[PDB]
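Residue numbers (PDB author numbering), protein chains in the order written: chain P, 23 to 102; chain L, 23 to 102; chain T, 23 to 97; chain O, 37 to 135; chain K, 38 to 135.
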DNA sequence: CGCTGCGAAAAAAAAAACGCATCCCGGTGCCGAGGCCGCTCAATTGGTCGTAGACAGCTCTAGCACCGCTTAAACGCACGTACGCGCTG
DNA sequence: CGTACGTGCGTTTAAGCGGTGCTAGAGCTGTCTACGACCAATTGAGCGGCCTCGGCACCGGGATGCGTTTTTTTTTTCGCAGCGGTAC
Ligand SMILES: [K+]
Ligand SMILES: [K+]
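What follows is the structure in structure tokens.
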């Protein structure tokens, strides 16, 4: 469907909050959904390449880790 | 024991000019010299370390390169 | 140490500053404290006192709205 | 009158709340549905280790939050308190994420 | 008595230097500064002429790029002059300080 | 009359009352840490081989001083204008 | 509205240049040593099952402090009528 809109206005708020933002423009929610999209896009691609090269049909925690590490964005706690 | 001050107001201006800056606070030149210091310091540290590990009393262009690369500040045309 | 009415407080600063745009709210604020006496609210009382001149027609308003913009004398 | 807090007070309580906690701030399923969507653009009928979805949610939120942080500083830099697209935009331009 | 208004020679100097590629720092001052800074880390060190210039390239590149990032931070705050606080913002966002 | 005193009157400001959210107390109850059981495969031993790297020097580069001529920058100061900065509505 | 840059013309400097002279130090060659790869065999360190019990999240029930309003007061700050002393 169109699941990007499942990233609720309240959700993006909660995230701005943990980031230490007091006040939020209306325009932000769609810019945010905007950027999140490009993040998950660039990351999932490189993940699935790692899935594909491994000749699997199931994306493993490592695929995403290998991906995040690649993209500049290393993650601790899912292995590797 | 203060060559930093050799990096002349009119020179820092020439760099800012190529960088598309039109107007320059006085408080700037020092802050600049400041940043340059950290940047040179940072790189040469890692440079000389390359020099020391190769038991040489001469720092080589490649030392400077392996360093710039380490710092993610990768440089072309000196033996990359 | 006398701080008169807002219908005759710092008329001397306004009239002792002949301008074509007239006097502003800053320039006038910078005179009450340079010769006369005043409190801390002073400025917020000057404003309510240039607003009672703006609506009635005691002191004219060159440009701007409310306190904002220059305000000259009756004539 | 019925009791009421003043614009920006609840926000600040909400900052303290969410900077104290670690729990993920996006709803699990909606995010999952988003992931599997953006996966269909690269291969169909894929599957995902439960753990691979979370590793992304932790990767996404962590990311956004740090952007908001760099954003909120570009708002404050323009004598504001309100984050606006042009603030994010400046972050990403300087971060070197866009041109 | 030909004089131009604060910012018109700037706009020219920008166009002159954006077009060329020569190094803008005088080279000796620069060379010395390096050795000054090398002392800190080891005494009686010698430098390949090319190693120096490699550092001058990197540095002049670094700064010019900062200035492009600085300059936007400035404009972001509805200004046209760059001020320490502009740089400070840039580097903080770039990830050069906390 | 002026002075003054008071009596507001005006904010200040305080205080205090209200009510709301954040903490903490102490007994549930649940699940995952933490600790045993065997057991299996990766580390150790010891010992053979052969070559990477330590050294002892041999070369000739290239990097560090010195040195005035020739400029193009730097320094610098003065004047003035455009910009940054702050207040209000 | 205030002021701190920008331009530009005038002094101060020292970078740049081209060439010369001395020498560390780069970087290679050959020799030979010590160190590490390879193999085999022998082990116990370290891993995947089990089985608790206790540290942790939770929950409801007061208790402390924190923000809101709004009530009472303190302090300041004009303005109107009601004084006590001048003046005559
Ligand atoms: K050499
Ligand atoms: K050896």
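Cβ atoms here follow ideal geometry from the backbone N, Cα and C, with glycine treated the same way.
{"Check": "Take every Cβ of the stretch 53-61 of chain T, pair it with every Cβ of the stretch 82-90 of chain T, and state whether three or more of those distances are shorter than 8 Å.", "Outcome": "no"}
{"Check": "Under 9 Å Cβ-Cβ, which residues of chain O neighbour residue 79 (chain P)?", "Outcome": "79, 81, 82, 83"}
{"Check": "Relative to the C-alpha of residue 28 (chain P), which candidate in O:69, O:98, O:79 has its C-alpha closest?", "Outcome": "O:69"}
{"Check": "So what's residue 93 (chain T) in DSSP terms, helix, strand or just coil?", "Outcome": "strand"}
{"Check": "Check whether chain P comes within 8 Å of residue 126 (chain O), counting only Cβ atoms and requiring the distance to be less than that.", "Outcome": "no"}
{"Check": "Applying a beta-carbon distance threshold of less than 7 Å, which residues of chain O neighbour residue 33 (chain P)?", "Outcome": "61, 62, 63"}
{"Check": "So which residues of chain O does residue 119 (chain K) contact, with C-beta pairs closer than 8 Å?", "Outcome": "Per Cβ cutoff of 8 Å: no residues; residue 119 (chain K) is ~13 Å from chain O at best."}
{"Check": "Restricting to Cα atoms, I'd like to know which of K:39, K:58, K:102 is closest to residue 130 (chain O).", "Outcome": "K:102"}
{"Check": "Assuming residue 62 (chain K) and residue 93 (chain K) make a contact with CB atoms under 8 Å, what is their CB distance in whole Å?", "Outcome": "6 Å"}
{"Check": "Taking DSSP as the reference, what is the three-state secondary structure of residue 70 (chain L)?", "Outcome": "helix"}
{"Check": "Below 8 Å on the Cβ atoms is my guess for residue 91 (chain K) versus residue 33 (chain L); work out the distance and round it to an integer in Å.", "Outcome": "About 19 Å separates the two Cβ atoms, so there is no contact after all."}
{"Check": "Can you pull the chain K neighbours of residue 109 (chain O), defined as C-beta to C-beta under 9 Å?", "Outcome": "126, 129, 130"}
{"Check": "Kindly list the residues whose CB is nearer than 6 Å to the CB of residue 68 (chain L), restricted to its own chain and excluding five residues on each side of it in sequence; keep chain order.", "Outcome": "89, 92"}
{"Check": "Can you confirm whether residue 113 (chain K), when its beta carbon is compared against all beta carbons of chain O, has any partner nearer than 8 Å?", "Outcome": "yes"}
{"Check": "Cβ of residue 71 (chain K) less than 8 Å from any chain L Cβ?", "Outcome": "yes"}
{"Check": "Using beta carbons (cut-off 8 Å, strictly below), is residue 135 (chain K) in contact with chain L?", "Outcome": "no"}
{"Check": "Checking contacts by CB at 8 Å: is residue 42 (chain P) closer than that to chain O?", "Outcome": "yes"}
{"Check": "Kindly say whether residue 46 (chain K), judged by its beta-carbon, lies nearer than 8 Å to any beta-carbon of chain L.", "Outcome": "no"}
{"Check": "Decide if residue 53 (chain L) is buried, meaning its Cβ has at least 16 other Cβ atoms within 10 Å, or exposed.", "Outcome": "buried"}
{"Check": "Give the residues of chain L in contact with residue 54 (chain K), contact being defined as C-beta atoms less than 7 Å apart.", "Outcome": "36, 39, 40"}
{"Check": "Here's a check: name, in chain order, each residue in its chain whose Cβ is nearer than 8 Å to the Cβ of residue 76 (chain O), leaving out the five neighbours to either side.", "Outcome": "82"}
{"Check": "Going by DSSP, name the residue or residues bridged to residue 84 (chain O).", "Outcome": "P:81"}
{"Check": "Classify residue 63 (chain T): buried if its beta carbon has 16 or more other beta carbons within 10 angstroms, exposed otherwise.", "Outcome": "exposed"}
{"Check": "Rounded C-beta distance between residue 96 (chain K) and residue 58 (chain L)? I'm assuming under 8 Å.", "Outcome": "6 Å"}
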